[PDB]
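Protein chains in written order, with the deposited numbering: chain B, 1 to 11; chain A, 67 to 201.
Virtual Cβ for every residue (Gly too), placed ideally from N, Cα, C.
Here the structure comes first, spelled out in structure tokens, and everything after it is commentary.
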């Protein structure tokens, strides 16, 4: 149960 | 041993192993980790045929180089996809979601570990992002 955090935050 | 090689693996461009990229399916959420536990099943139904490649969890995006064609199939990125998410069936299946911005809708891709261990790829990716935001 994980997920990336360095995302660019898409619209 | 394993972690002694996975530590610098993600830093390089290959921290995973053989995978089974089934393809890509459409979803309706893209706001949970359980959304992947369902998509993985959809691709297991039909249409989207699985592929035997080599997942390389790189700190600058994943890359699946086919081990029978070496033509590559997943040239996406970790910071490009919404967020990773495992499963609760046997920890032998993972998937990532990718909403609009390239698909004009919610599309989640699914795959499975051809190693069957839930550590050669799972924990590996869980450390990729931690290094992706090192700077």
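Local conformation of residue i per DSSP, three classes
i, result
"residue 132/A", "strand"
"residue 189/A", "helix"
"residue 117/A", "coil"
"residue 194/A", "helix"
"residue 183/A", "coil"
"residue 151/A", "strand"
"residue 124/A", "strand"
"residue 85/A", "strand"
"residue 101/A", "helix"
"residue 93/A", "coil"
"residue 109/A", "helix"
"residue 161/A", "strand"
Residue closest to residue i, alpha-carbon to alpha-carbon, out of the options
i, options, result
"residue 162/A", "155/A, 148/A and 168/A", "148/A"
"residue 71/A", "97/A, 102/A, 144/A and 123/A", "123/A"
"residue 143/A", "133/A, 159/A, 168/A and 152/A", "168/A"
"residue 182/A", "158/A, 194/A and 189/A", "158/A"
"residue 94/A", "133/A, 188/A, 76/A and 166/A", "166/A"
"residue 1/B", "151/A, 187/A, 193/A and 156/A", "151/A"
"residue 118/A", "189/A, 180/A and 193/A", "180/A"
"residue 100/A", "195/A, 185/A and 153/A", "153/A"
Presumed contact (8 Å Cβ cut-off) between residue i and residue j, rounded CB distance
i, j, result
"residue 85/A", "residue 177/A", "5 Å"
"residue 195/A", "residue 5/B", "5 Å"
"residue 75/A", "residue 190/A", "7 Å"
At least three beta-carbon pairs within less than 8 Å, the region 107 to 115 of chain A to the region 125 to 141 of chain A: At 8 Å Cβ cutoff, the stretches do not touch.
Flag this pair as touching only if the region 74 to 83 of chain A and the region 133 to 142 of chain A have three or more C-beta atom pairs under 8 Å; answer yes or no. The region 74 to 83 of chain A vs the region 133 to 142 of chain A: no contact.
Does the region 189 to 201 of chain A come close enough to the region 172 to 179 of chain A to have 3 or more Cβ pairs within less than 8 Å? Touching, no, given that fewer than three Cβ pairs across the two stretches are closer than 8 Å.
In the region 140 to 156 of chain A, which residues sit with their C-beta less than 8 Å from some C-beta in chain B, listed in chain order? Against chain B - using a Cβ distance shorter than 8 Å - the residues of the region 140 to 156 of chain A are 144, 145, 146, 147, 148, 149, 150, 151 and 152.
Output, in sequence order along the chain, the residues in the region 168 to 185 of chain A whose CB is closer than 8 Å to any CB in chain B. Listed in sequence order: no entries.
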